[PDB]
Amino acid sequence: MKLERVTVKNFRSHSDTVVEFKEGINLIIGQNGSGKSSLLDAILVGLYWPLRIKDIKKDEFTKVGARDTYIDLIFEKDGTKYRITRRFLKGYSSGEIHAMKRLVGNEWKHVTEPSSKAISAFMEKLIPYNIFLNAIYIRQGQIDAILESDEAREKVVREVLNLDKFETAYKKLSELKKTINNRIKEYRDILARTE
């Protein structure tokens, strides 16, 4: 895949931030708390909204602000160049506008009902949410989380390698069995006193 241009407006620090990405290695240099990390999160949210990202409160976009929060992203996958536009009007207005056009020729044509549900789906086709956020986005301190202990890894691996799901599936069916045994025990002690 390849990111060409992020555009954030009124999300945390960024009021009207604009970046032109390029081939090779793009180093983004900035003192701490200078928005960089934010920018990454705008991209990320821009691409997968409304799915969850890191631990970013949905409201972070929706309500904070007097003007509009805006996220424009342009990228390219498999020769095709797609573009997302996430706008959030606030206040009495309170509104969202979503649209992901593809670039055919020189005009931008939609590529799915200009709704939010739609686009999200269309995204799950072009580049699944579980592959980007956890193969492409090497999140911070993950490396190190492997260069320290062994369960810090089972932790990382469990997230990244996507092994969470399974376990909880087992955690519920398991809770379902316990909830059975108890029931038995009850129906037992009742049949005791009674009969």
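Residue positions are given as counts along the sequence shown, with the first one as 1.
Mean CA temperature factor is higher for 57-65 when stretches 42-50 and 57-65 are set side by side in the entry. Per the deposited record, the Cα B-factor of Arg102 falls in the middle third when ranked against the other modelled residues of its chain.
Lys109 sits in the highest third of its chain by CA B factor, as recorded in the PDB entry. The deposited CA B-factor of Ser93 belongs to the highest third of values across its chain.
In this PDB entry, the Cα temperature factor of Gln140 sits in the top third of its chain's modelled residues, the highest group. Per the PDB record, residue ranking by Cα B-factor puts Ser34 in the highest third of the chain.
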